[PDB]
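S.K.: Chains as they are written, first to last, in the UniProt record's numbering: chain A, 3264 to 3569; chain B, 3264 to 3569.
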Ligand SMILES: *[C@H](N)[C@H](C[C@@H]1CCNC1=O)NC(=O)[C@@H]1CC2(CCCCC2)CN1C(=O)[C@@H](NC(=O)C(F)(F)F)C(C)(C)C
Ligand SMILES: *[C@H](N)[C@H](C[C@@H]1CCNC1=O)NC(=O)[C@@H]1CC2(CCCCC2)CN1C(=O)[C@@H](NC(=O)C(F)(F)F)C(C)(C)C
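#1: Going along chain A, which residues have a C-beta under 8 Å from residue 3548 of chain B?
#2: Please list the terminal residues of the continuous beta strand (DSSP E) segment that includes residue 3537 of chain A.
#3: Counting only the same chain and skipping the five closest in sequence on each side, list residues whose C-beta sits under 6 Å from that of residue 3360 of chain B.
#4: Which residue's Cα is closest to the Cα of residue 3267 of chain A: A/3370, A/3329 and A/3390?
#5: So the candidates are B/3334, B/3425 and B/3294; which of them puts its Cα closest to the Cα of residue 3368 of chain B?
#6: Apart from the five residues on each side of it in sequence, which residues of its chain come closer than 8 Å, Cβ to Cβ, to residue 3352 of chain B?
#7: Who are residue 3366 of chain B's beta bridge partners in DSSP?
#8: If you measure from the beta carbon of residue 3325 of chain A to each beta carbon in chain B, is any gap under 9 Å?
#9: Taking the straight line between their C-alpha atoms, what separation do you get for residue 3270 of chain B and residue 3322 of chain A?
#10: Do the CB positions of residue 3520 of chain A and residue 3476 of chain A come within less than 9 Å of each other?
#11: Would residue 3289 of chain A count as contacting chain B if we go by Cβ distances under 9 Å?
#12: For residue 3382 of chain B, return the contacting residues in chain A, with the cut-off set at a CB-CB distance below 8 Å.
#13: Counting contacts by CB-CB distance shorter than 9 Å, is residue 3372 of chain B in contact with chain A?
#14: From what residue to what residue does the alpha helix (DSSP H) around residue 3472 of chain A run?
#15: Kindly indicate which three-state DSSP category residue 3416 of chain B falls into: helix, strand or coil?
#16: Residue 3409 of chain B CB to nearest chain A CB: under 9 Å?
#17: Give the DSSP bridge partners of residue 3304 of chain A, in chain order.
#18: Fully enclosed by the stretch 3339-3400 of chain A, which beta strand (DSSP E) runs are 3 residues long or longer?
#19: Look up residue 3295 of chain B in the DSSP assignment and say whether it is helix, strand or coil.
#20: Please check if any C-beta of chain A sits within less than 9 Å of the C-beta of residue 3391 of chain B.
#21: Rounding to the nearest angstrom, what Cα-Cα distance links residue 3336 of chain A and residue 3354 of chain A in this structure?
#22: Report all residues from its chain with a CB closer than 6 Å to the CB of residue 3350 of chain B; omit the five preceding and five following residues, and keep chain order.
#23: Which residue or residues does DSSP assign as beta-bridge partners of residue 3330 of chain B?
#24: For chain B, is any of its Cβ atoms less than 9 Å away from the one on residue 3269 of chain A?
#25: Quick one: what's got a C-beta closer than 6 Å to residue 3442 of chain B's C-beta in the same chain, skipping five residues either side?
#26: Using 8 Å as the threshold, is the stretch 3514-3529 of chain A in touch with the stretch 3430-3446 of chain A, meaning 3 or more CB pairs across them?
#27: Just checking my contact of residue 3554 of chain B with residue 3469 of chain B at CB under 8 Å: how many whole Å lie between their CB atoms?
#28: Apart from the five residues just before and just after residue 3458 of chain B, which ones in its own chain have a Cβ nearer than 7 Å to its Cβ?
#29: Once DSSP output is grouped into helix, strand and coil, what is the label at residue 3411 of chain B?
#30: How would you list, in chain order, the residues of chain A whose beta-carbon sits under 8 Å from the beta-carbon of residue 3435 of chain B?
#31: Checking 9 Å against the spacing of the C-beta atoms, do residue 3407 of chain B and residue 3379 of chain B come in under that value?
#32: Short of 7 Å in beta carbon distance, which residues of its chain neighbour residue 3276 of chain B, apart from the five on each side in sequence? Order them along the chain.
#33: With a threshold of 16 other CB atoms inside 10 Å of the CB of residue 3481 of chain A, please say whether the residue is buried or exposed.
#34: Just to check, is the beta-carbon of residue 3563 of chain B closer than 8 Å to a non-hydrogen atom of ligand 1?
#35: In chain order, what residues of the same chain lie with their CB nearer than 7 Å to the CB of residue 3542 of chain B, ignoring the 5 residues before and after it?
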């Protein structure tokens, strides 16, 4: 028992991280087979970070303008192209550490692990969710761009995120591995801002089930609610709506604990109207919304990866 | 910016994990050079989990009673010995993936990353602290014993924890890698219990400095306090005492933010007496005590490992 913010083991991804230098900018790249992926703003100059023309900027580069370091071994670039907001650097060596992988794009509400890197060297791993407003509440400093987010399914790494920028509230924006931004953000230094977020309702319910599995029951009650009546309360507390599909996804957790989903909704309803009154759930004094129903089952049931 | 519960990259440790079977018990072992380390209760039988005699139990075993699987490759045991509460299984192959390493024992208040494993296969990574009562608030299920806790310093893994058991409040107890338990716990199924914990004061202060670095300032105040007067307030809230050495360790964070340590103590004092009044710090509604001053500097300054 116990419940922790759990990331995937990072070893398969660590063996893909490299350092990409263009001019005086150094950031991280992801080396899979004979291609290195990195944020295209690596080619941006200090003179015009405000409104670059990346097509123009890239046509002025040669292969030799990209220094790629895999550890203490330099990789020769033999081709380059732009795909949306990422650069694809063709190199003359396939990464022998290439895992089985996919490029997948995730939905707001889903979670992933981030391997933060500087100078091609992994610094730390942590778990994030895609917020409803398409930001992620990350932990990133200068030089972290090109760090990736990922999920693991048995032996296969599903890459879902590459880091590109930090917004003025301290949250982060980036792309999928095809270079397409999550949300309405661009890789220029404009006045963009996150815009209003909501709480991921289905995930809070998942985490309440985790608490019950782990012996926190104090927030349970004998009441129930209709889905419609629950959602009227959710709207007022800036929670997002719960759907019948969310109820279906919570089925296994409902069956394990014996607590009907709509009964748990009635408990969440009372938590929202009354607060927690000096008590905690799973060591938190807030309702936690960055665990999916999958995350809870995995952690409380013990799935591994190989 | 941003602040996350950050674990170390786990790849160096993933390459050391193996599966150890004796009888009908399977758990995890740590393979370094030609030795596999695992919890000695792997040899315990179901008949007498209550009060085993491990010397007696081990003298009745042969090398061939230990099945060790490194992935899908079986390792031949060529010797075995007991060191305190761990078993040292000598095998006929050195782990070619052995990192530079040390066996270190940590202090309550210090943090480490845990690579949870089942059947020799890594499941997830998360960050823990050694509690003042020598438990850790982990996340562990059946078969997780032999998972290790560790810190990384450049290229060198400092192993500090091996998992052995779960106590009745859902917290966890284990040994250092020499087999010596943290705290007053034994590897028998008796009625042992955690005993009362305290909050790690210096770590809360570190995390308040992290918040200021990240732009949360609302809890600051114009007041100050003496160390003695602060500790009178700490005792009453079950915080542990703050020492001049703790004040010295917080020096760098004090200098970066311009907030004197004792000034931050006055802010913590008011937080303890008034609560947080519906506000949050670094996304938490509780005072967080599982980040050390080192953790904060590392995350807010960007140290890597290679
Ligand atoms: C990548 N190494 C870096 C990550 C970033 C530094 C601080 N914390 C982080 O997560 N990305 C950047 O510095 C990008 C690159 C930039 C925009 C594209 C053109 C070249 C310069 C500036 N930048 C930023 O993240 C900006 N943020 C913005 O422009 C935004 F607010 F999003 F519009 C700054 C202000 C430097 C954080
Ligand atoms: C290791 N695979 C396992 C980890 C544990 C299972 C559930 N969550 C966990 O962290 N360890 C055990 O099962 C140990 C082994 C045990 C004690 C030594 C002799 C052989 C049997 C039983 N055990 C336990 O953790 C106990 N706990 C206790 O005995 C304690 F409370 F600590 F005294 C049980 C009750 C099974 C959790």
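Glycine included, every Cβ here is placed at the ideal spot set by N, Cα and C.
M.R.: According to the data block:
#1: Around residue 3548 of chain B, the beta-carbon contacts reaching into chain A at under 8 Å are 3547, 3548 and 3549.
#2: No beta strand (DSSP E) holds residue 3537 of chain A; the alpha helix (DSSP H) holding it covers 3524-3537.
#3: Cβ within range, chain order: 3278.
#4: Nearest of A/3370, A/3329 and A/3390 to residue 3267 of chain A, Cα basis: A/3390.
#5: B/3425
#6: 3283, 3292, 3298, 3299, 3300, 3301, 3329, 3331, 3340, 3342 and 3343
#7: B/3422
#8: no
#9: 40 Å
#10: yes
#11: no
#12: 3567
#13: no
#14: From DSSP, the alpha helix (DSSP H) with residue 3472 of chain A extends over 3464-3476.
#15: strand
#16: no
#17: Beta-bridge pairing links residue 3304 of chain A to no other residue.
#18: 3340-3346, 3349-3354, 3363-3366, 3374-3381 and 3384-3392
#19: Three-state DSSP puts residue 3295 of chain B in a strand.
#20: yes
#21: 13 Å
#22: 3301 and 3303
#23: B/3284
#24: yes
#25: 3346, 3347, 3348 and 3349
#26: no
#27: About 6 Å; that satisfies the 8 Å criterion.
#28: Hits under 7 Å: 3396.
#29: Annotated three-state conformation of residue 3411 of chain B is strand, per DSSP.
#30: 3265
#31: Contact annotation: residue 3407 of chain B and residue 3379 of chain B have beta-carbon atoms nearer than 9 Å.
#32: 3378, 3411, 3413 and 3420
#33: Counting every other CB atom within 10 Å of its CB across the protein chains shown gives residue 3481 of chain A a total below 16, marking it as exposed.
#34: no
#35: 3481
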